[PDB]
Amino acid sequence: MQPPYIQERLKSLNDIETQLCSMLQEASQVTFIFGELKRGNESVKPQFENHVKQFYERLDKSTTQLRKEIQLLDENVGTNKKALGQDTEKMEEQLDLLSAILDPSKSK
Amino acid sequence: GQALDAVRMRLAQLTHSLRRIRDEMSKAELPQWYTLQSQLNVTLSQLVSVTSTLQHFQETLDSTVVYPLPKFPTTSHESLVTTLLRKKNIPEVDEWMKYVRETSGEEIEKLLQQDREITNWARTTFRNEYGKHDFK
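Protein chains in written order, with the UniProt record's numbering: chain A, 1 to 79, 87 to 115; chain B, 30 to 134, 143 to 173.
Below is the structure:
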């Protein structure tokens, strides 16, 4: 499996696009609510401020976190290799098989 | 005549752009999406410029009075004259805004001022929201 650092990096990226999807959804609801606000019912007027504020705060911190990720790219620089040992490990397992062949009491 | 000349040249280039987008859509194979977007945006902004310039010079167009040429023969070209003379809209747009008005349907004036205050309030609210977070 990959080293953990890459794991939380990909988790943060996934959070980033989920936040972008949430921003698009909230844009959909604010566009929806503005229609009836133009229609002329004032009951949903208080919800408009909350929706706008949450939309803007969702737009800002997502870009901020992505900026942090791109910054991490800046200092992460400088921080078949398996083949060099690959034959060796193959060697090992083959002899292990011979051991299983060599002992008739373990072939069950 | 200067205003109508500018209208002429701009509408001619708009028609040229329409002919362009036409003969690149008429091909049996659709080009790349990006070229279509570029053509769409260019032609559509050109239509915007057409609308704005036609708006600017309404007085010159209105002042002009239409009259057929003495040399132009109407006996043989009456069909051509009637073709340009007619101005009634295409019917589908007509019932289109008829259904639109049907759906839409001192009271009207105070709703109008209520819309004014909602517009101003929303503009101020979004100005405040933009000012809340530093975007630079």
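Beta carbons are placed, not taken as given, at the ideal position from N, Cα and C, and that holds for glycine.
Cβ separation of residue i and residue j, assumed to be a contact under 8 Å, to the nearest whole Å
i	j	result
residue 10/A	residue 69/A	The pair is not a contact, with the Cβ atoms about 11 Å apart (cut-off 8 Å).
residue 37/A	residue 48/A	6 Å
residue 43/B	residue 95/B	Not confirmed; about 22 Å, so no contact.
residue 46/B	residue 82/B	Actually they do not touch by this definition, with Cβ atoms about 15 Å apart.
residue 66/A	residue 16/A	6 Å
Contact list for residue i against chain A, beta-carbon separation under 9 Å
i	result
residue 149/B	The contacting residues do not exist; residue 149/B stays about 11 Å from chain A at best.
Cross-chain neighbours of residue i in chain B, by beta carbon under 8 Å
i	result
residue 68/A	Near residue 68/A there are no residues of chain B at all, since even the closest Cβ is about 16 Å away, more than 8 Å.
residue 49/A	162
Proximal residues of chain B, C-beta to C-beta of residue i below 9 Å
i	result
residue 36/A	Residues of chain B passing the Cβ test: none, with the nearest at roughly 12 Å.
residue 26/A	Near residue 26/A there are no residues of chain B at all, since even the closest Cβ is about 13 Å away, more than 9 Å.
Contacting residues, own chain, Cβ-Cβ under 8 Å from residue i (five flanking each side not counted)
i	result
residue 35/A	none
residue 62/B	none
Same chain, Cβ closer than 7 Å to residue i, five either side skipped, listed in chain order
i	result
residue 113/A	107
Alpha helix (DSSP H) segment containing residue i, residue limits
i	result
residue 58/B	No alpha helix (DSSP H) contains residue 58/B, which DSSP labels as neither H nor E.
residue 36/B	31-54
residue 35/A	4-39
residue 43/A	Looking at the DSSP string, residue 43/A is not in any alpha helix (DSSP H), and its letter there is neither H nor E.
residue 88/A	Note, residue 88/A: premise wrong, no alpha helix (DSSP H); not H, not E.
residue 119/B	Segment: none, residue 119/B is in no alpha helix (DSSP H) and carries neither H nor E.
residue 93/B	Neither: residue 93/B is in no alpha helix (DSSP H) and is coded neither H nor E.
Under 7 Å by beta carbon: chain A residues contacting residue i
i	result
residue 166/B	52, 53 and 56
Interface residues of chain A facing residue i [CB-CB closer than 8 Å]
i	result
residue 137/B	Absent from the coordinates is residue 137/B, which sits in the stretch where chain B moves from 134 straight to 143.
residue 170/B	56, 57 and 60
Residues of its chain near residue i, where Cβ-Cβ distance is below 6 Å and the 5 sequence neighbours each way are ignored
i	result
residue 88/B	none
Contact test: residue i Cβ vs the ligand ATP heavy atom, cutoff 7 Å
i	result
residue 106/B	The ligand ATP is not among the ligands present in this structure, which contains no ligands whatsoever.
Take every Cβ of the stretch 89-108 of chain A, pair it with every Cβ of the stretch 32-48 of chain B, and state whether three or more of those distances are shorter than 8 Å.
-> The stretch 89-108 of chain A, when compared against the stretch 32-48 of chain B, does not touch it at the 8 Å Cβ threshold.
Three Cβ pairs or more, each shorter than 8 Å: is that satisfied between the stretch 45-65 of chain A and the stretch 159-173 of chain B? Three or more pairs of CB atoms, one per stretch, sit closer than 8 Å, so the stretch 45-65 of chain A contacts the stretch 159-173 of chain B.
For the stretch 61-68 of chain B against the stretch 97-106 of chain A, do three or more pairs of beta-carbon atoms, one drawn from each stretch, fall closer than 8 Å, so that the two count as touching? Short answer: they don't touch.
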